[PDB]
Every structure is written in C-alpha cells, then in structure tokens.
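Raw run07.pdb, PDB, C-alpha atoms:
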ATOM      1  CA  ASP A 315     -29.096   1.717-197.043
ATOM      2  CA  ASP A 316     -27.537   4.484-199.128
ATOM      3  CA  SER A 317     -30.867   6.304-199.173
ATOM      4  CA  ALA A 318     -31.151   6.273-195.384
ATOM      5  CA  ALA A 319     -27.415   6.786-194.735
ATOM      6  CA  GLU A 320     -27.944   8.204-191.259
ATOM      7  CA  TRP A 321     -30.874   8.862-188.925
ATOM      8  CA  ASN A 322     -29.812   7.002-185.832
ATOM      9  CA  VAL A 323     -31.401   7.312-182.419
ATOM     10  CA  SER A 324     -30.404   5.391-179.315
ATOM     11  CA  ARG A 325     -29.871   5.388-175.580
ATOM     12  CA  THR A 326     -26.383   6.429-174.512
ATOM     13  CA  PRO A 327     -24.369   4.642-171.790
ATOM     14  CA  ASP A 328     -24.065   7.955-169.968
ATOM     15  CA  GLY A 329     -27.807   8.094-169.465
ATOM     16  CA  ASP A 330     -28.703  10.332-172.385
ATOM     17  CA  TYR A 331     -30.327   9.823-175.770
ATOM     18  CA  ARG A 332     -28.376  10.188-178.992
ATOM     19  CA  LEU A 333     -29.957  11.328-182.241
ATOM     20  CA  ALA A 334     -27.997  11.626-185.490
ATOM     21  CA  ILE A 335     -29.871  12.640-188.643
ATOM     22  CA  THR A 336     -29.156  14.130-192.060
ATOM     23  CA  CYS A 337     -30.892  16.314-194.639
ATOM     24  CA  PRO A 338     -29.892  17.130-198.250
ATOM     25  CA  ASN A 339     -31.362  20.599-197.770
ATOM     26  CA  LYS A 340     -30.520  23.478-195.460
ATOM     27  CA  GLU A 341     -34.215  24.326-195.307
ATOM     28  CA  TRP A 342     -35.045  20.887-193.986
ATOM     29  CA  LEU A 343     -32.468  21.189-191.230
ATOM     30  CA  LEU A 344     -33.601  24.699-190.323
ATOM     31  CA  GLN A 345     -37.228  23.581-190.309
ATOM     32  CA  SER A 346     -36.342  20.561-188.194
ATOM     33  CA  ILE A 347     -34.725  22.694-185.509
ATOM     34  CA  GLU A 348     -37.527  25.241-185.748
ATOM     35  CA  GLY A 349     -40.061  22.496-185.239
ATOM     36  CA  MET A 350     -38.499  21.080-182.093
ATOM     37  CA  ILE A 351     -37.708  24.479-180.518
ATOM     38  CA  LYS A 352     -41.358  25.511-180.905
ATOM     39  CA  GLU A 353     -42.602  22.401-179.096
ATOM     40  CA  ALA A 354     -39.817  22.756-176.573
ATOM     41  CA  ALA A 355     -40.718  26.387-175.943
ATOM     42  CA  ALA A 356     -44.316  25.351-175.315
ATOM     43  CA  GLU A 357     -43.068  22.864-172.734
ATOM     44  CA  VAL A 358     -41.069  25.619-171.038
ATOM     45  CA  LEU A 359     -44.171  27.793-170.813
ATOM     46  CA  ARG A 360     -46.051  24.861-169.308
ATOM     47  CA  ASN A 361     -43.144  24.269-166.925
ATOM     48  CA  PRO A 362     -41.637  27.707-166.103
ATOM     49  CA  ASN A 363     -39.887  26.047-163.176
ATOM     50  CA  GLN A 364     -38.072  23.691-165.555
ATOM     51  CA  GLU A 365     -34.530  25.042-165.856
ATOM     52  CA  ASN A 366     -33.407  22.159-168.057
ATOM     53  CA  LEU A 367     -36.307  22.869-170.399
ATOM     54  CA  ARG A 368     -35.285  26.503-170.701
ATOM     55  CA  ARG A 369     -31.652  25.597-171.252
ATOM     56  CA  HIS A 370     -32.709  22.892-173.710
ATOM     57  CA  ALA A 371     -34.914  25.324-175.583
ATOM     58  CA  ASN A 372     -32.049  27.790-175.526
ATOM     59  CA  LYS A 373     -29.827  25.076-176.970
ATOM     60  CA  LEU A 374     -32.288  24.740-179.845
ATOM     61  CA  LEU A 375     -32.331  28.507-180.278
ATOM     62  CA  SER A 376     -28.551  28.442-180.482
ATOM     63  CA  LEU A 377     -28.623  25.412-182.777
ATOM     64  CA  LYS A 378     -31.092  27.126-185.113
ATOM     65  CA  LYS A 379     -28.780  30.117-185.270
ATOM     66  CA  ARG A 380     -25.800  27.832-185.756
ATOM     67  CA  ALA A 381     -27.461  26.080-188.685
ATOM     68  CA  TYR A 382     -28.532  29.437-190.102
ATOM     69  CA  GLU A 383     -24.977  30.747-189.890
ATOM     70  CA  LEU A 384     -23.688  27.487-191.378
ATOM     71  CA  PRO A 385     -22.550  27.765-195.023
TER      72      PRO A 385
ATOM     73  CA  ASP B 315     -15.260  18.331-172.194
ATOM     74  CA  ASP B 316     -18.332  17.975-169.984
ATOM     75  CA  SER B 317     -20.287  21.037-171.053
ATOM     76  CA  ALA B 318     -21.969  20.528-174.428
ATOM     77  CA  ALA B 319     -20.312  17.282-175.586
ATOM     78  CA  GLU B 320     -22.885  16.765-178.322
ATOM     79  CA  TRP B 321     -25.211  18.982-180.355
ATOM     80  CA  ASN B 322     -23.093  19.082-183.466
ATOM     81  CA  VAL B 323     -24.170  20.278-186.871
ATOM     82  CA  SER B 324     -22.028  20.398-189.989
ATOM     83  CA  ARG B 325     -21.981  19.731-193.719
ATOM     84  CA  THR B 326     -21.302  16.108-194.622
ATOM     85  CA  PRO B 327     -19.903  15.093-198.032
ATOM     86  CA  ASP B 328     -22.357  12.218-198.390
ATOM     87  CA  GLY B 329     -25.174  13.498-196.217
ATOM     88  CA  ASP B 330     -25.102  17.239-196.968
ATOM     89  CA  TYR B 331     -25.815  18.202-193.390
ATOM     90  CA  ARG B 332     -25.243  16.147-190.271
ATOM     91  CA  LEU B 333     -26.930  16.925-186.974
ATOM     92  CA  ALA B 334     -26.071  15.050-183.770
ATOM     93  CA  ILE B 335     -27.941  16.200-180.659
ATOM     94  CA  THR B 336     -28.793  14.711-177.266
ATOM     95  CA  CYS B 337     -31.602  14.885-174.711
ATOM     96  CA  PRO B 338     -31.879  13.542-171.132
ATOM     97  CA  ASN B 339     -35.513  12.639-171.782
ATOM     98  CA  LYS B 340     -37.315  10.434-174.254
ATOM     99  CA  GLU B 341     -40.285  12.787-174.083
ATOM    100  CA  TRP B 342     -38.042  15.598-175.234
ATOM    101  CA  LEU B 343     -36.822  13.549-178.174
ATOM    102  CA  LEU B 344     -40.362  12.515-179.084
ATOM    103  CA  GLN B 345     -41.486  16.144-179.026
ATOM    104  CA  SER B 346     -38.451  17.148-181.061
ATOM    105  CA  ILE B 347     -39.150  14.604-183.799
ATOM    106  CA  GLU B 348     -42.788  15.682-183.795
ATOM    107  CA  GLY B 349     -41.701  19.226-184.525
ATOM    108  CA  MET B 350     -39.586  18.337-187.546
ATOM    109  CA  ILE B 351     -42.255  15.986-188.891
ATOM    110  CA  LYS B 352     -44.797  18.827-188.664
ATOM    111  CA  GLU B 353     -42.675  21.217-190.723
ATOM    112  CA  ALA B 354     -41.798  18.483-193.183
ATOM    113  CA  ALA B 355     -45.469  17.708-193.654
ATOM    114  CA  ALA B 356     -46.218  21.367-194.348
ATOM    115  CA  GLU B 357     -43.567  21.236-197.047
ATOM    116  CA  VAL B 358     -45.049  18.040-198.494
ATOM    117  CA  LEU B 359     -48.484  19.635-198.580
ATOM    118  CA  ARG B 360     -46.999  22.499-200.588
ATOM    119  CA  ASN B 361     -44.958  20.081-202.687
ATOM    120  CA  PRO B 362     -47.084  16.902-203.047
ATOM    121  CA  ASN B 363     -44.974  16.092-206.077
ATOM    122  CA  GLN B 364     -41.835  16.071-203.931
ATOM    123  CA  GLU B 365     -41.023  12.407-203.331
ATOM    124  CA  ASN B 366     -37.868  13.186-201.327
ATOM    125  CA  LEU B 367     -39.936  15.431-199.092
ATOM    126  CA  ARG B 368     -42.289  12.538-198.457
ATOM    127  CA  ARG B 369     -39.379  10.161-197.890
ATOM    128  CA  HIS B 370     -37.889  12.664-195.455
ATOM    129  CA  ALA B 371     -41.185  13.072-193.647
ATOM    130  CA  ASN B 372     -41.547   9.304-193.661
ATOM    131  CA  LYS B 373     -38.096   9.070-192.109
ATOM    132  CA  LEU B 374     -39.335  11.295-189.299
ATOM    133  CA  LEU B 375     -42.422   9.117-188.907
ATOM    134  CA  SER B 376     -40.132   6.123-188.572
ATOM    135  CA  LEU B 377     -37.835   8.028-186.239
ATOM    136  CA  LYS B 378     -40.802   8.993-184.068
ATOM    137  CA  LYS B 379     -41.824   5.356-183.921
ATOM    138  CA  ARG B 380     -38.250   4.337-183.181
ATOM    139  CA  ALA B 381     -38.022   6.807-180.303
ATOM    140  CA  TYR B 382     -41.364   5.526-179.021
ATOM    141  CA  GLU B 383     -40.011   1.978-178.903
ATOM    142  CA  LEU B 384     -36.839   3.228-177.220
ATOM    143  CA  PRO B 385     -36.548   2.707-173.432
TER     144      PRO B 385
ATOM    145  CA  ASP C 315     -70.420  33.778-199.703
ATOM    146  CA  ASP C 316     -71.521  30.368-198.442
ATOM    147  CA  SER C 317     -68.539  28.930-200.306
ATOM    148  CA  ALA C 318     -66.171  30.061-197.571
ATOM    149  CA  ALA C 319     -68.718  30.623-194.791
ATOM    150  CA  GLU C 320     -66.014  31.117-192.190
ATOM    151  CA  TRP C 321     -62.216  31.296-192.102
ATOM    152  CA  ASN C 322     -61.831  35.029-191.948
ATOM    153  CA  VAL C 323     -58.964  37.214-190.847
ATOM    154  CA  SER C 324     -59.105  40.999-190.659
ATOM    155  CA  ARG C 325     -58.458  44.089-188.537
ATOM    156  CA  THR C 326     -60.695  44.297-185.474
ATOM    157  CA  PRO C 327     -61.301  47.559-183.584
ATOM    158  CA  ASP C 328     -61.315  45.552-180.365
ATOM    159  CA  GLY C 329     -58.319  43.326-181.006
ATOM    160  CA  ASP C 330     -56.344  44.789-183.939
ATOM    161  CA  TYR C 331     -56.502  41.576-185.913
ATOM    162  CA  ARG C 332     -59.310  39.038-185.788
ATOM    163  CA  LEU C 333     -59.034  35.425-186.844
ATOM    164  CA  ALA C 334     -62.240  33.396-187.225
ATOM    165  CA  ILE C 335     -62.183  29.751-188.316
ATOM    166  CA  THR C 336     -64.175  26.519-188.119
ATOM    167  CA  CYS C 337     -63.466  22.787-188.021
ATOM    168  CA  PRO C 338     -65.828  19.779-188.168
ATOM    169  CA  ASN C 339     -63.344  17.803-186.073
ATOM    170  CA  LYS C 340     -62.441  17.949-182.411
ATOM    171  CA  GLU C 341     -58.849  17.090-183.257
ATOM    172  CA  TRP C 342     -58.480  19.816-185.859
ATOM    173  CA  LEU C 343     -59.436  22.508-183.369
ATOM    174  CA  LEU C 344     -57.106  21.110-180.711
ATOM    175  CA  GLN C 345     -54.285  20.856-183.240
ATOM    176  CA  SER C 346     -54.979  24.382-184.443
ATOM    177  CA  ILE C 347     -54.706  25.896-180.969
ATOM    178  CA  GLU C 348     -51.607  23.829-180.238
ATOM    179  CA  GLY C 349     -50.048  25.135-183.416
ATOM    180  CA  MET C 350     -50.431  28.800-182.504
ATOM    181  CA  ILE C 351     -49.237  28.373-178.901
ATOM    182  CA  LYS C 352     -46.166  26.535-180.223
ATOM    183  CA  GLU C 353     -45.242  29.514-182.392
ATOM    184  CA  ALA C 354     -46.229  31.931-179.648
ATOM    185  CA  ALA C 355     -44.037  30.057-177.196
ATOM    186  CA  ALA C 356     -41.078  30.552-179.519
ATOM    187  CA  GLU C 357     -41.774  34.278-179.435
ATOM    188  CA  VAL C 358     -41.845  34.196-175.637
ATOM    189  CA  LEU C 359     -38.508  32.397-175.643
ATOM    190  CA  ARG C 360     -37.112  35.156-177.860
ATOM    191  CA  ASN C 361     -38.720  37.795-175.657
ATOM    192  CA  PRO C 362     -38.893  36.424-172.066
ATOM    193  CA  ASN C 363     -39.494  39.941-170.767
ATOM    194  CA  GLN C 364     -42.553  40.261-173.007
ATOM    195  CA  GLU C 365     -45.407  40.026-170.501
ATOM    196  CA  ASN C 366     -48.042  40.509-173.203
ATOM    197  CA  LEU C 367     -46.450  37.602-175.066
ATOM    198  CA  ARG C 368     -46.602  35.440-171.960
ATOM    199  CA  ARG C 369     -50.188  36.552-171.385
ATOM    200  CA  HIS C 370     -50.925  35.829-175.030
ATOM    201  CA  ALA C 371     -49.404  32.386-174.672
ATOM    202  CA  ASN C 372     -51.532  31.960-171.563
ATOM    203  CA  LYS C 373     -54.550  32.955-173.637
ATOM    204  CA  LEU C 374     -53.742  30.070-175.962
ATOM    205  CA  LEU C 375     -53.291  27.744-173.004
ATOM    206  CA  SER C 376     -56.700  28.805-171.738
ATOM    207  CA  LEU C 377     -58.169  28.485-175.222
ATOM    208  CA  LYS C 378     -56.767  24.967-175.523
ATOM    209  CA  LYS C 379     -58.310  24.137-172.163
ATOM    210  CA  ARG C 380     -61.623  25.624-173.271
ATOM    211  CA  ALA C 381     -61.564  23.470-176.399
ATOM    212  CA  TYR C 382     -60.515  20.431-174.360
ATOM    213  CA  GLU C 383     -63.518  20.885-172.089
ATOM    214  CA  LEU C 384     -65.781  21.319-175.107
ATOM    215  CA  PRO C 385     -67.791  18.201-176.041
TER     216      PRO C 385
ATOM    217  CA  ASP D 315     -69.483  41.897-168.501
ATOM    218  CA  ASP D 316     -67.196  41.454-171.488
ATOM    219  CA  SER D 317     -63.684  40.764-170.245
ATOM    220  CA  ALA D 318     -63.078  37.994-172.757
ATOM    221  CA  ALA D 319     -64.364  39.849-175.843
ATOM    222  CA  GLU D 320     -62.545  37.609-178.264
ATOM    223  CA  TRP D 321     -60.697  34.293-178.089
ATOM    224  CA  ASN D 322     -63.886  32.353-178.384
ATOM    225  CA  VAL D 323     -64.248  28.669-179.034
ATOM    226  CA  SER D 324     -67.486  26.713-179.004
ATOM    227  CA  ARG D 325     -69.652  24.234-180.872
ATOM    228  CA  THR D 326     -71.397  25.829-183.818
ATOM    229  CA  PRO D 327     -74.448  24.189-185.410
ATOM    230  CA  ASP D 328     -73.222  25.671-188.682
ATOM    231  CA  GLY D 329     -69.603  24.555-188.461
ATOM    232  CA  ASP D 330     -69.185  22.113-185.538
ATOM    233  CA  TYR D 331     -66.489  24.125-183.851
ATOM    234  CA  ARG D 332     -66.178  27.872-183.976
ATOM    235  CA  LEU D 333     -62.949  29.585-183.034
ATOM    236  CA  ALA D 334     -62.392  33.358-182.974
ATOM    237  CA  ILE D 335     -59.083  34.824-181.757
ATOM    238  CA  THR D 336     -57.271  38.173-181.812
ATOM    239  CA  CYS D 337     -53.658  39.349-182.026
ATOM    240  CA  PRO D 338     -52.067  42.836-182.049
ATOM    241  CA  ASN D 339     -49.637  41.609-184.697
ATOM    242  CA  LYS D 340     -50.208  40.303-188.194
ATOM    243  CA  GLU D 341     -47.105  38.163-187.740
ATOM    244  CA  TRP D 342     -48.688  36.432-184.775
ATOM    245  CA  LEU D 343     -51.780  35.639-186.815
ATOM    246  CA  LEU D 344     -49.635  34.416-189.701
ATOM    247  CA  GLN D 345     -47.676  32.222-187.302
ATOM    248  CA  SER D 346     -50.917  31.007-185.756
ATOM    249  CA  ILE D 347     -52.171  29.860-189.151
ATOM    250  CA  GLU D 348     -48.756  28.359-189.854
ATOM    251  CA  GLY D 349     -49.006  26.396-186.633
ATOM    252  CA  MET D 350     -52.347  24.803-187.458
ATOM    253  CA  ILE D 351     -51.313  24.164-191.067
ATOM    254  CA  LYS D 352     -48.208  22.349-189.791
ATOM    255  CA  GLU D 353     -50.224  19.995-187.596
ATOM    256  CA  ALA D 354     -52.916  19.650-190.232
ATOM    257  CA  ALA D 355     -50.360  18.768-192.883
ATOM    258  CA  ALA D 356     -48.989  16.049-190.613
ATOM    259  CA  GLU D 357     -52.470  14.576-190.344
ATOM    260  CA  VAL D 358     -52.814  14.770-194.128
ATOM    261  CA  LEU D 359     -49.630  12.746-194.507
ATOM    262  CA  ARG D 360     -51.068  10.219-192.064
ATOM    263  CA  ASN D 361     -54.321  10.223-194.036
ATOM    264  CA  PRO D 362     -53.541  11.058-197.707
ATOM    265  CA  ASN D 363     -56.961   9.705-198.631
ATOM    266  CA  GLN D 364     -58.578  12.301-196.369
ATOM    267  CA  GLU D 365     -60.016  14.934-198.717
ATOM    268  CA  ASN D 366     -61.501  16.981-195.866
ATOM    269  CA  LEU D 367     -58.065  17.014-194.271
ATOM    270  CA  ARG D 368     -56.443  18.181-197.488
ATOM    271  CA  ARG D 369     -59.201  20.737-198.006
ATOM    272  CA  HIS D 370     -58.769  21.842-194.399
ATOM    273  CA  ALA D 371     -55.030  22.183-194.879
ATOM    274  CA  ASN D 372     -55.736  24.085-198.074
ATOM    275  CA  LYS D 373     -58.137  26.283-196.125
ATOM    276  CA  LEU D 374     -55.243  27.122-193.828
ATOM    277  CA  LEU D 375     -53.033  27.761-196.847
ATOM    278  CA  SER D 376     -55.712  30.042-198.257
ATOM    279  CA  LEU D 377     -56.152  31.756-194.901
ATOM    280  CA  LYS D 378     -52.376  32.121-194.660
ATOM    281  CA  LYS D 379     -52.439  33.826-198.036
ATOM    282  CA  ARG D 380     -55.301  36.046-196.890
ATOM    283  CA  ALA D 381     -53.394  37.062-193.765
ATOM    284  CA  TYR D 382     -50.239  37.588-195.821
ATOM    285  CA  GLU D 383     -52.052  40.154-197.946
ATOM    286  CA  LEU D 384     -53.816  41.568-194.886
ATOM    287  CA  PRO D 385     -52.227  44.910-193.918
TER     288      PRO D 385
END
Would you mind giving the structure from this file in structure tokens?
Amino acid sequence: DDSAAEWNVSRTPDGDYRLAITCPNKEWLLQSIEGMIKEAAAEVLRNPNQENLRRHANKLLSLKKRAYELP
Amino acid sequence: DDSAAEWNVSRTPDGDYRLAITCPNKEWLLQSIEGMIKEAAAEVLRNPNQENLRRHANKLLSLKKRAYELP
Amino acid sequence: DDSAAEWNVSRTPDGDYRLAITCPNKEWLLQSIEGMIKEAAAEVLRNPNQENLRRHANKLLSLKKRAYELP
Amino acid sequence: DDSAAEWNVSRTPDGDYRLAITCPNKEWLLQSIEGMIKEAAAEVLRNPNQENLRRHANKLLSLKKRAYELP
C-alpha cells in the first residue's frame, strides 16, 4: 500500500477520466509527460481536424514545461 | 472554475511528485499511459539493475490494464 | 563486417543523413516507424508552421503504411 | 523515375525487413532511434526472456551511440 501510495485512475461523474499518479523522480515525471505528448501529437497529425486533440496535446506541452519549471 | 479544473502537478511530501490530469476519452488515457510506459521501459533497459524503475514501469503496465478495464 | 551487417547511420549526399536498419520481426519494424513518427509529431507540434516537418511526418505515415502492407 | 530515393522498406532475404530512411537533421535521426528503442524496450519488459529483443534494443542503443557521435 505504502509502495503504491497513489496511481489512481477512474471515470469522473462529470463525464471525464481522472488519473492521479506519482513518481519519486523528476525524470520519471518528465519522461511520462514526454511519452504521452508524443503519442498525442501523432494523433493530432492523424486527425488535423481534431481541435480537442490539438488543445490536449498543447496541454501536455504546457504540462511538460510546467514540470520542467517545477523545483 | 470551468477552464482547466484539473491537470495539476506538484511536489508531494510522501510521493515526491503528484500529477493529476484528465481526459474526455479513454483512448487518450490509454495512449498517454502507453507513452510513459515506453519511456520507463527505455530507462529499465539502460538500468536493468534498477528495481524501482521496473516497479514503476510495472505500475504503468497495471495502469494501462486498469484503463483498459475502465468503461 | 558481417557482425553488424546492417544498422548504419551516416551522411548521405541525397538526404543529408541516412539511416539503414533491419528487423526479423514484422512488429519490430512497425514499432520502429511508429517511434520516429511519434517524436516527429512532437516536433510538428512545436513547429506547426514547419511544412517540411509535416511532410516528414507524412513520410513516416506513408512508411508505416508501406510496412503495414508488406507481408 | 526516382522521386522516392530513400525511405525504403521491404522484405530482405538477408534481414527479413529492410528499412532505409533519411533526415536533414541529426537530431531527427537520434529521435527516430530513440522512438524505436522506446517501443522495443517496452517489448523487452514484456518479454525479458527474449534475447533477440534485448539484442535488438541494444542494437538501437548502439545505433543511438553511433548517431550521437555522427557529425
């Protein structure tokens, strides 16, 4: 239990999906964001008409920067 | 408070770093987890001796499975 | 020389840099192409106005399709 | 007659699958290798007993090193 601590993923009542994870390393977090943005970006290229995908990818881009700028 | 709502990342005392994001699609979440697992794996390949890295990657494997089972 | 056989990367007069690899698995090749497009996509996201990047990404998309069609 | 030039993928009798690509940036090639290594590593984690997978991943690591030194 203490080893897992977090890492929760579920369906929200608002109609969204909630994911809450943790990492004892800044590199792991940065790599995690980097991993998802790359896949996300690929989806955007496959679906140029997908605004939500672009905004989502942009959110990851912002998140990656946020984590990078995080102490 | 109806713009971002989620997508929070900060340093936790017991978890080091806490990331709480959201996605309006299960496919997006699945792709996101896949990205982090990929990077994690690359780290494990470089650090086969890193148990925590394997446990982290394993957590992503579990998370991916969890998201798959999610509605 | 037969030790490596393939897996070569150098400067090509016709393409600047040439990457030549091999894989005895259909999945490995598909995963390889998917890996590069994923990274390439991230570059396109960072440089949306980069036509050559978009074209490059398209080249990967085409390459992936070519590999998909391959027996 | 030769509009493709590069970006070739086919079945080689000497290597099963032959892939030859080009990029005007060394970074792109490095990222390309990184992409395949990431996916490959994930497969290695899924199949730790797969020597060819580990060797393949190592081939990517070696290629990554080669590209890193490549000016």
Which of these, D:365, D:328, D:315, D:370, has the shortest distance to residue 342 in chain C once you count only C-alpha atoms? D:370
Cα RMSD of chain D after least-squares fit onto chain A, all atoms paired in order: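 RMSD over all C-alpha atoms: 1.6 Å.
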Show me, as an MDAnalysis selection string, the residues of chain A whose atoms get within 12 Å of chain C, using only C-alpha atoms for the distance check. chainID A and resid 347:362 367:376 378
Find the residues around residue 336 in chain D up to 12 Å (all atoms listed in the file counted), leave out those fewer than 6 positions away in its own chain, and share them as a ChimeraX atom specification. /C:322-335,350,370,373-374,377 /D:318-322,342-344,346
CA of residue 337 in chain A to CA of residue 345 in chain C, distance in Å rounded to a single decimal: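 These atoms are spaced 26.4 Å apart.
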If you take every atom of range 332-342 of chain B that the file lists and fit an axis-aligned box around them with 6 Å extra on each side, what centre and edge lengths come out in Å to one decimal, as JSON?
{"center_x": -32.8, "center_y": 13.7, "center_z": -180.7, "size_x": 27.0, "size_y": 18.5, "size_z": 31.1}
Atomic distance CA of residue 339 in chain C - CA of residue 363 in chain B, expressed in Å with one decimal: 27.2 Å
So what do you get for CA of residue 379 in chain A versus CA of residue 340 in chain A, distance-wise?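 Atom-to-atom, CA of residue 379 in chain A to CA of residue 340 in chain A, that is 12.3 Å.
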